Amino acid sequence: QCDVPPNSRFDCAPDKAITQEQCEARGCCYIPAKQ
Amino acid sequence: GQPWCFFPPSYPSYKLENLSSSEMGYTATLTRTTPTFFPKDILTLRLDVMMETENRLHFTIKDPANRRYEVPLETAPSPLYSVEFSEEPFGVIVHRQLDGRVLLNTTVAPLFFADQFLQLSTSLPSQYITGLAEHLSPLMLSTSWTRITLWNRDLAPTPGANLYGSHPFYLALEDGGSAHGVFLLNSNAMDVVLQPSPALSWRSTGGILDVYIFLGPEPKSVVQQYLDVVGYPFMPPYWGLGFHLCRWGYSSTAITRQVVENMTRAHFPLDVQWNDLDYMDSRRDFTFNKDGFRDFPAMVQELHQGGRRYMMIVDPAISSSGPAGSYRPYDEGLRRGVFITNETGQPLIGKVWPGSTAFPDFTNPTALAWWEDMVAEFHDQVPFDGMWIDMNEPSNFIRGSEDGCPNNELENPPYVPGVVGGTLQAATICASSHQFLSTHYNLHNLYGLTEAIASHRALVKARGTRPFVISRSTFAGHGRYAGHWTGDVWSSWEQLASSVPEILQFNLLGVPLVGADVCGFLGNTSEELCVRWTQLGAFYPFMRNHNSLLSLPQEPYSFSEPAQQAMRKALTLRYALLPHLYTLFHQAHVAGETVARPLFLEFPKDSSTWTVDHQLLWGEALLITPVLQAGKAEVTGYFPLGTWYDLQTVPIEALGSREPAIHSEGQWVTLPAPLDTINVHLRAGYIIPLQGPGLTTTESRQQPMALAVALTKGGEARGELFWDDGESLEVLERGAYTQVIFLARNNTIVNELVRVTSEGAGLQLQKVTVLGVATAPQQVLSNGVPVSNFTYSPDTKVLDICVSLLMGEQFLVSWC
Ligand SMILES: *[C@@H]1O[C@H](CO)[C@@H](O[C@@H]2O[C@H](CO)[C@@H](O[C@@H]3O[C@H](CO)[C@@H](O)[C@H](O)[C@@H]3O)[C@H](O)[C@H]2NC(C)=O)[C@H](O)[C@H]1NC(C)=O
Ligand SMILES: *[C@@H]1O[C@H](CO[C@@H]2O[C@@H](C)[C@@H](O)[C@@H](O)[C@@H]2O)[C@@H](O[C@@H]2O[C@H](CO)[C@@H](O)[C@H](O)[C@H]2NC(C)=O)[C@H](O)[C@H]1NC(C)=O
Ligand SMILES: *[C@@H]1O[C@H](CO)[C@@H](O[C@@H]2O[C@H](CO)[C@@H](O)[C@H](O)[C@H]2NC(C)=O)[C@H](O)[C@H]1NC(C)=O
Ligand SMILES: *[C@@H]1O[C@H](CO)[C@@H](O[C@@H]2O[C@H](CO)[C@@H](O)[C@H](O)[C@H]2NC(C)=O)[C@H](O)[C@H]1NC(C)=O
Ligand SMILES: *[C@@H]1O[C@H](CO[C@@H]2O[C@@H](C)[C@@H](O)[C@@H](O)[C@@H]2O)[C@@H](O)[C@H](O)[C@H]1NC(C)=O
Ligand SMILES: O=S1(=O)N[C@@H]2[C@H](O)[C@@H](O)[C@H](O)[C@@H](CO)[C@@H]2O1
Ligand SMILES: [Cl-]
Ligand SMILES: [Cl-]
Ligand SMILES: [Cl-]
Ligand SMILES: [Cl-]
Ligand SMILES: [Cl-]
Ligand SMILES: [Cl-]
Ligand SMILES: [Cl-]
Ligand SMILES: [Cl-]
Ligand SMILES: [Cl-]
């Protein structure tokens with residue numbers, strides 16, 4: 001369910017800086033960009 | 001950059017339910033069952049899909065339980081599009097029917113629809129997308145995680161910033177050279193996010209989703225279809241296409257008269273003299289000071305006596321601090337309730353040039369009547385010919401108001417787009433302030449457009465001829481009422497180069513009357529920069545040299561003799577081409593055509609053109625390849641497949657002081673470009689009307705005309721001329737114009753008379769220049785009789801013919 005190609009990821013935190021826990025609590029995927 | 005926190009495919013969206021078919025198209029209910037992280041989700045929406053034309057698809061997503069803010073806007077056989085729907089998650093899918101290409105697919109991300117946050121996403125068909133003004137950017141927008149903010153803002157143009165105007169329209173190219181356009185009719189603060197998949201997200205802070213899709217298939221057809229909805233460009237007066245000269249710092253009528261004198265003595269054409277804030281009494285609208293400007297009315301009357309026009313700056317904000325009864329614009333505005341009001345119902349007070357100011361509400365019909373009266377009364381004192389409307393974001397020198405702004409959800413919204421200053425209040429008025437139609441929150445991006453509409457109407461009533469309005473702030477559909485200049489550009493090589501993409505972008509958005517301040521506004525120009533900027537700027541559809549208060553002078557007559565010669569040549573060529581430029585504005589006005597256009601609009605099937613934005617065309621036929629860097633004596637430009645004739649091979653007469661043809665297979669060509677030269681090439685197959693010289697259009701319009709005939713290899717060419725009185729209203733409706741087609745075929749040139757009336761009948765044709773004549777003719781005939789005189793150049797293959805003909809009477813010119 002979190003296997004989305006990097007270029008096709010749509011922002012689930014456009015409103016504020018978010019932590020992994022808050023992101024997952026929203027029902028979203030947390031995967032840091034590699035750069 | 002790429003988001004670390006992103007939606008899984010299972011993220012809750014809306015579900016489509018009860019899809020139904022209508023005569024117009026489709027209707028459905030959309031239901032969200034899981035709330036988003038934004039407040040005030042609208043859980044039940046109505047979808048309406050309207051199949052309006054074969055090339056226009058329209059859909060709306062609204063709250064069926066509450067009227068929401070909507071932008072005020074005037075209204076084999078098969079469509080080019082097909083539409084399908086995803087049920088869960090909800091999406092609209094639009095295919096191009098001809099090749100099955102997916103143009104729109106909103107299933108790619110969740111639909112968000114909350115009171116102050118709308119988000120709709122789509123796949124894009126390619127990495128090539130243009131539009132979403134106003135930003136300092138390449139014509140083709142970067143898809144590398146780019147956030148584009150639409151929130152009208154007073155800021156000197158710089159990359160990555162929301163600037164003076166907002167145009168929520170994009171044109172997307174498809175592999176093979178087809179294109180489509182998308183218009184989101186939403187005036188709220190918004191971010192548009194582009195990503196490399198490629199995909200786009202609209203993120204708006206209010207209103208509804210009102211979406212138009214234009215199927216093209218040609219880029220020129222997409223622009224025309226968009227302009228069908230927002231309005232075809234207004235027809236300018238002919239004089240408006242002449243040279244305009246302005247600065248901040250012409251501080252008296254004596255100094256302003258010296259500008260015209262100095263231009264005239266140095267043989268520089270000038271149609272329109274401008275003043276900035278200098279004319280006013282204490283920087284107030286509809287006044288003039290009794291020091292430097294005591295004889296302002298006489299100065300303007302004298303300009304008119306010499307065949308010139310006059311323009312001056314008008315700001316929106318009205319001085320509120322004067323003694324009661326001493327300043328009619330404020331006193332009468334107060335009486336009639338014309339101003340934007342605050343929470344207690346009093347005028348919102350900000351700070352602009354005169355000090356404390358109130359802001360007119362141009363959505364209030366009574367404010368329109370007040371503005372008409374103030375313009376008409378001032379015009380009875382000083383007969384100005386148009387209005388330069390500045391600071392109409394609206395610009396505020398303080399944040400919000402003198403009394404600050406209240407703490408509410410409009411001033412402090414749940415989603416703030418990427419605006420400079422990080423707040424909707426920065427450099428403007430309170431978002432929760434009251435206007436007749438809605439709050440400033442919803443109407444801000446329309447403020448400049450509403451002032452342009454009010455000013456257009458005011459000028460029609462005051463003068464009874466075509467209005468001439470130049471506006472800083474704009475919105476989609478602005479071009480129906482007014483033109484634009486790109487604002488406070490620095491006098492730099494970077495801003496000279498950036499002006500080309502920006503002028504092209506506004507032409508795609510239906511604002512063809514656009515230009516940048518020639519030689520730049522801020523800072524000090526150099527002589528070399530001012531020569532190159534005058535050369536390029538002579539191909540801006542709106543050509544004005546304007547200059548800031550603290551800058552060194554940059555009028556053409558203020559430079560060295562060699563620089564003056566180059567600037568004179570540029571102005572001479574523009575004046576010679578005015579009948580052609582006017583005809584291009586006619587095509588914009590009647591058919592939604594562009595005036596200045598990128599190569600990709602004219603040659604979309606040649607993918608090499610897609611990234612070219614440092615060259616421009618005028619219409620189909622004139623390719624301009626400017627030098628945009630210091631120290632350059634050559635330029636490399638792209639030449640699409642065909643023959644391009646050097647315009648230097650066409651004789652042009654001036655009042656004061658290299659390959660003849662490029663044969664291109666579609667390739668980059670290095671051209672000589674010394675300081676005194678700008679490269680201009682005429683496309684084979686085209687005929688251009690030209691007119692003799694003048695220091696004004698009043699003088700030039702009385703001169704004999706000429707044709708430049710660029711033959712194809714097969715000896716063919718086509719062109720046209722539109723002619724009217726240059727300033728009357730309702731010319732096309734009344735039929736008060738002449739329209740002529742020129743055709744070259746089999747060693748002959750003829751005219752075809754589409755319409756001939758008194759306006760145009762007596763136009764004299766005295767010269768015909770034919771490019772691409774391979775062999776010297778033995779004889780040249782005009783209506784069957786050997787001409788008085790002709791010259792043939794074997795080196796340039798140019799045949800130059802003297803004739804005595806009338807544009808409005810059928811002729812036949814022949815050679816062999
Ligand atoms: C709505 O706009 C009106 C103006 O149209 C605002 O009126 C301003 O109200 C402030 C007080 O809140 C006034 O300031 C006061 O001035 C007097 C002397 O002039 C001084 O003694 C007080 O200490 C204070 O500074 C201000 O004069 C007044 N402006 C005008 C032009 O009268 C009103 O506050 C606005 N309402 C909201 C809620 O923002
Ligand atoms: C989807 O529509 C159904 C049916 O609605 C009816 O038919 C339509 C053409 C229109 O004429 C409506 O006015 C009709 O009510 C909805 O289900 C009905 O819901 C109503 C009110 O809750 C109820 O009285 C009926 O018994 C239901 N009928 C059936 C056949 O189930 C349904 O709610 C609509 N869905 C959404 C999400 O709005
Ligand atoms: C529109 O976009 C949607 C979502 O990206 C596409 O649907 C997905 O397609 C993938 C890959 O084929 C499937 O494995 C998924 O199950 C689909 N997702 C959903 C939500 O259905 C869809 O293919 C696109 N439509 C078109 C016509 O291109
Ligand atoms: C118009 O040109 C005149 C003449 O060149 C300018 O007046 C001269 O300007 C210099 C300053 O650069 C003065 O020192 C000279 O005394 C002036 N000469 C004459 C003949 O009067 C004038 O400034 C120009 N005006 C504008 C508005 O450009
Ligand atoms: C623009 O120029 C202003 C005046 O500069 C002075 O006068 C001219 C004739 C030159 O000789 C110059 O070298 C002189 O210093 C400046 O006051 C102003 O700072 C300049 N603006 C910028 C942004 O550089
Ligand atoms: O210098 S400004 O901030 N830029 C505005 C405008 O953009 C300029 O064109 C104009 O000359 C100025 C004076 O009226 C305005 O003030
Ligand atoms: Cl999850
Ligand atoms: Cl949260
Ligand atoms: Cl409303
Ligand atoms: Cl690109
Ligand atoms: Cl009066
Ligand atoms: Cl109302
Ligand atoms: Cl290439
Ligand atoms: Cl290159
Ligand atoms: Cl004749």
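Every number for a ligand or one of its atoms is a count from 1 in the order of the listing. Computed over heavy atoms, backbone and side chain alike; hydrogens, waters and symmetry mates excluded. Proteins get letters first, then strands, A, B, ... in listed order; numbering begins at 1 in each.
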**Request:** Answer yes or no for atom 11 (C) of ligand 3: protein heavy atom present at a distance under 4.0 Å?
**Result:** no
**Message:** Please report whether the SG atoms of A:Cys12 and A:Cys29 are separated by less than 2.5 angstrom.
**Reply:** no
**Any protein heavy atom < 4.0 Å from atom 22 (C) of ligand 3** = yes
**Request:** Before accepting this row, confirm whether a basic side-chain N of the pair B:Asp276/B:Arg247 lies closer than 4.0 Å to the acidic partner's carboxylate O.
**Result:** no
**Message:** So that I can tick it off, tell me whether B:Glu393 and B:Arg153 are bridged by a salt bridge, with the cut-off set at under 4.0 angstrom between side-chain N and carboxylate O.
**Reply:** no
**Prompt:** Does atom 8 (C) of ligand 3 have any protein heavy atom closer than 4.0 Å?
**Reply:** no
**Asked** For atom 19 (C) of ligand 3, is the nearest protein heavy atom closer than 4.0 Å?
**Response** no
**Complete:** B:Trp485 heavy atoms within 4.0 Å reach ligand 6 at atoms 7 (O), 9 (O)
**Prompt:** With a cut-off of under 6.0 Å to the ring centre and 45° to the axis, is B:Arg32 in cation-pi contact with B:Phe112?
**Reply:** yes
**Fill in**
In this structure, atom 10 (C) of ligand 6 is nearest to the protein heavy atom B:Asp276 OD2, 3.5 Å
**Item:** Donor-acceptor contact present, side-chain B:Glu502 to main-chain B:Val500, <3.5 Å
**Value:** no
**Asked** Do B:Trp533 and B:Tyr540 meet the criterion of a side-chain donor-acceptor pair at a distance under 3.5 Å?
**Response** yes
**Request:** Heavy-atom contacts with B:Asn105 under 4.0 Å: which atoms of ligand 3 show up? List them by number with element.
**Result:** 1 (C), 2 (O), 3 (C), 22 (C), 24 (C), 25 (N), 26 (C), 28 (O)
**Item:** Distance filter under 4.0 Å to B:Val102 heavy atoms, resulting ligand 3 atoms
**Value:** 27 (C), 28 (O)
**Prompt:** Which atoms of ligand 3 sit under 4.0 Å from any heavy atom of B:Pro89?
**Reply:** 20 (C)
**Asked** Is any heavy atom of the protein nearer than 4.0 Å to atom 25 (N) of ligand 3?
**Response** yes
**Item:** For B:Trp248, atoms of ligand 6 separated by under 4.0 Å from a heavy atom
**Value:** 1 (O), 12 (C), 13 (C)
**Item:** Residues B:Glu174, B:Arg96: salt bridge by 4.0 Å N-O rule
**Value:** yes
**Prompt:** In ligand 6, which numbered atoms sit nearer than 4.0 Å to a non-hydrogen atom of B:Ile313?
**Reply:** 14 (O)
